[PDB]
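Q: Experimental coordinates for this protein are included below, preceded by the sequence.
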Amino acid sequence: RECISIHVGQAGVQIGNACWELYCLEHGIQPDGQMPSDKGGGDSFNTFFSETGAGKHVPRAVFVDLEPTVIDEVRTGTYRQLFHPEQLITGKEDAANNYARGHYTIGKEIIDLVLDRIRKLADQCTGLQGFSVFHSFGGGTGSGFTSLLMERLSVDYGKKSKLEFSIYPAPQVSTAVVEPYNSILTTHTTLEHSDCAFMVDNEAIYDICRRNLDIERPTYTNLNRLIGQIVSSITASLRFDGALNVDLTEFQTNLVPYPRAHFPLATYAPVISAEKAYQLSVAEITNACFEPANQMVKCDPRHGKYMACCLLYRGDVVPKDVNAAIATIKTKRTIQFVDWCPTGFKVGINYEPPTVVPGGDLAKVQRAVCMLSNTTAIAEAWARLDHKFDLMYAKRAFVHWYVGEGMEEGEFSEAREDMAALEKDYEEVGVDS
Amino acid sequence: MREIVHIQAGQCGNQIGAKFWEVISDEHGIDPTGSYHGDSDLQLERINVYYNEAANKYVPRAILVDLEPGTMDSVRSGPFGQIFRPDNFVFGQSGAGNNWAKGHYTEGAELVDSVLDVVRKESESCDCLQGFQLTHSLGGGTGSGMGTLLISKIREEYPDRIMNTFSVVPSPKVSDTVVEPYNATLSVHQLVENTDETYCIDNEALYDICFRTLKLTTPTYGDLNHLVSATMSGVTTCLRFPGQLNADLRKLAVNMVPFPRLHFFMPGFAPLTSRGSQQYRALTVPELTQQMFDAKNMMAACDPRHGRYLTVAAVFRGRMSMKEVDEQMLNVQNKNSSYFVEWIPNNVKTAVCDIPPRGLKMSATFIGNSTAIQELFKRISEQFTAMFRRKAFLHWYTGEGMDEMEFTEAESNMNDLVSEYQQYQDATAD
Ligand SMILES: Nc1nc2c(ncn2[C@@H]2O[C@H](COP(=O)(O)OP(=O)(O)OP(=O)(O)O)[C@@H](O)[C@H]2O)c(=O)[nH]1
Ligand SMILES: Nc1nc2c(ncn2[C@@H]2O[C@H](COP(=O)(O)OP(=O)(O)O)[C@@H](O)[C@H]2O)c(=O)[nH]1
Ligand SMILES: [Mg+2]
Ligand SMILES: [Mg+2]
């Protein structure tokens, strides 16, 4: 049942704000944690909220940062009463975009305190399902401390699953040069601890906001609200009940053919700005899932082979309209499956409309769909990181910072060897027999 | 050989099981309150098989099992959910994730002791336990994994009693997961060595019937479970109504199972009615016979033309000319002698019951031990190997304790079962 969300670093914390704000809007929860009386009523959403005896609904979330600045805004803004202050953990000295600081030097000072506050939430749960980790790839805390927390969760909560929403870096909003270093280092130490990893290329969200919302330079709020829409569609299976609302844990069984190939590609549609008049059918929003301009990780699935394809519909969506659209796309596009896969599409439907932030930049839509596809083309993202990594590491540039914070230089080599094998593993999977 | 203990496991097991109890409780004149409101006395002649007393009315002898409490509440909220014993609901709150290993080895083994306690309880109030009856799905995680574990556990605690199962087959036409061939293969590997008789309920056949016969464009699980509950009511007719032929579980198994591993039955029945009110066809005896032995009415995706019938059990229901039944049942035999095994004399057996199912006046249920059932295992074995050659999705089974060799053995034993079904399909009388 229950799910504990963990938000590490600025990216994880600031995205959790846009997510839990959207969660409250969808479930009708107010910033003070109060809801109207049921007047039963189908009240599924307790997998993400607990109940105080006084009728207060508190998120099962932990916000962690090595710097108080970001989380201080949380315990000051509109949702200061939503979370218990025990769930908002901060340090004083951050990691300075250094994985080794967040994982070895600074992060080890606060790792025991964080696991304690998590055990508090875990002991307030009658049946824990897993963890949802929200972090960046470039920041020192989002890369270093997250991979440290993932190592510790596998030791304590070994049975429970762990899903991560990672923020793939992009130069358009990049705040650090060594972000490729941190990305490779955290992807390596977390690869054997994560069950499913939804990467979010900031360049994709940046361009989708510029193209479909007509925003010149999107702010972090623009990116986060668009991301929160996708995260909501993924978690809606856990937070709502529905006759055709397939659980997310049932999609993972199809999305992950091998433990290392657990990086699905999410594609959300439609994304429309609130400026003119518009209503898209099921076939049009399903067609948009196969346009790479709508993906959240820049890559071309036509240059790769599929292993899974899952359609997470939400809104006014009828099953026969889905199968009609799928049959058209399957015989009018080029979806290459590997020759060892069943080639079938897994469909879930949630008849609640997609909620947007009021007065936001996203328009309320009748229906929407989030496609989760496990394609080999996502290995193009690893190649773009491995290349920027190779350019600097061949000169050992910026390495002294990491080695000066408890990390042995050979850990760079190990992490790159793993990424090299990960690229081979994606190459080998796409071959026929 | 009197009382039968019923067990339903998993999502599909509790779905088709609850629909089955709705059907027979009506035929036996039992309302959801448990009281008897029927008219004939045949309905109470052999009511002790599936029900108990409360001396304050009749209570089903059923045990409901699932690793997920979701189906538990949808059953109790159903129309007949208030008749089942509260203590007979044994449910964990974790789940199986559609993994056979999770249900059979990991989290189903940590719940199976709770079920055997309820099994033991219902078995003590039995003057003479006849056997057990299990409904489940082979392509899932709980019904497949924990179900086969329950079978093997009951086998070692009740080695005297018959183990009968109603197993439904996975199919890509109505599939929920890709690892269904894995689960079905691992489950068939258990049924072939643990169950005395097993009714193959192919979902691909149920789908094709709803689509190509009932002319339903998008069949739901209710459309499929209607054919299941009807098929289950027919093959159990001789067990709960006073009949002479195939009265108890063993006598049926002694007539239908010539070889121990070949206890997989191909059920069919007629007429094929939709979920509507009632039809006006009013089928004659020659029609009920032609419809029974037709592939379009088989609950298993196998063509009887491709194999030979080892044994056959036909069950007619409703007031009809029993003399006219013998002439038809004898006709189909001597007119299609190539599709009936010669080295088993009088392998076809026909029974008659005066009481029809509610909604019809004449019906007929078919039970066949055909060698064509190898097509069903060939189909599952094809999909199993397609993934197993690359060891796709195997980490979820190995992560729960299973060794890779268990997959090779289950695959091998299934292909041995196919070869044996072909072996007697080629044997002659000479
Ligand atoms: N989409 C989105 N990305 C963000 C946001 N904040 C930071 N990022 C990305 O995160 C990367 C840097 O990681 P941060 O999360 O800012 O750093 P940190 O986790 O706090 O770790 P340290 O600051 O080094 O202690 C940059 O590439 C940013 O693009 C945000 O609010 N939204
Ligand atoms: N005919 C029928 N098949 C079902 C039903 N529910 C699930 N199945 C089948 O069972 C398989 C999934 O197993 P399921 O029972 O849902 O999981 P379990 O609870 O762990 O046993 C799929 O291949 C489905 O086609 C049902 O109500 N009717
Ligand atoms: Mg920071
Ligand atoms: Mg299921």
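A: Yep, it's here. Numbers count the residues shown, from 1 in each chain, chains lettered A, B, ... in the order given. Ligands and ions are numbered 1, 2, ... in the order given.

Q: In chain A, what residue comes closest to ligand 2?
A: With C-beta to the nearest ligand atom as the measure, residue A:250 is the residue of chain A nearest to ligand 2, at 9.3 Å. Every C-beta, even on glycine, is put in place using the N, C-alpha and C of the backbone.

Q: show me where chain A has strands.
A: In chain A, the strands defined using DSSP state E lie at A:2-8, A:49-51, A:57-59, A:61-65, A:88-90, A:128-136, A:161-168, A:196-201, A:265-269, A:306-315, A:346-350, A:367-375.

Q: Those: which one's closest to residue B:220?
A: Counting by C-beta to C-beta, residue B:220 lies closest to strand A:346-350 out of the strands of chain A; the figure is 13.2 Å.

Q: tell me which residues form a beta bridge with the residue nearest the centre of chain A?
A: Closest residue to the average C-alpha location of chain A: residue A:165 at 2.3 Å, with C-alpha atoms, centre = their mean. With DSSP bridges applied, residue A:165 shows beta-bridge pairing to residue A:134, residue A:198.

Q: try residue B:51
A: residue B:60.

Q: Would you mind measuring from it to residue B:40?
A: 16 Å (C-beta to C-beta, to the nearest Å).

Q: More neighbours: these two, which one.
A: Of the pair residue B:51 and residue B:40, residue B:51 is the one with more neighbours under other C-beta atoms under 10 Å in any protein chain shown, namely 25 against 11.

Q: Would you confirm that the more buried one contacts residue B:62?
A: No - in this structure, residue B:51 is not within contact of residue B:62 by C-beta atoms under 8 Å, at 9.2 Å.

Q: any idea which element the closest residue to residue B:173 other than its chain neighbours lies in?
A: Counting by C-beta to C-beta, 6 or more residues apart in numbering or on different chains, residue B:173 lies nearest to residue B:207, which is 4.6 Å off, once chain neighbours are set aside. In the assignment (DSSP states H and E), residue B:207 maps to helix B:203-208.

Q: tell me what that helix is packed against?
A: strand B:162-169, helix B:221-235 (3 or more C-beta pairs under 8 Å, 6 or more residues apart in numbering or on different chains; DSSP states H and E).

Q: quick one, which of those is nearest to ligand 1?
A: Relative to ligand 1, the nearest member of these by C-beta to the nearest ligand atom is helix B:221-235, separated by 41.1 Å.

Q: And the residue in the stretch 51-200 of chain B positioned nearest to ligand 2, how far from residue B:150?
A: Nearest residue of the stretch 51-200 of chain B to ligand 2, counting by C-beta to the nearest ligand atom: residue B:140, 2.2 Å away. Using C-beta to C-beta, residue B:140 is found at 14 Å from residue B:150.

Q: Among those two, which residue is more densely surrounded?
A: Neighbour totals were compared for residue B:140 and residue B:150, and residue B:140 leads with 31 against 28 (other C-beta under 10 Å).

Q: Return the distance of that one relative to residue B:183.
A: 6 Å.

Q: what is in contact with the two at once?
A: Shared contacts of residue B:140 and residue B:183, defined by C-beta atoms under 8 Å, 6 or more residues apart in numbering or on different chains, comprise B:98, B:100, B:170.
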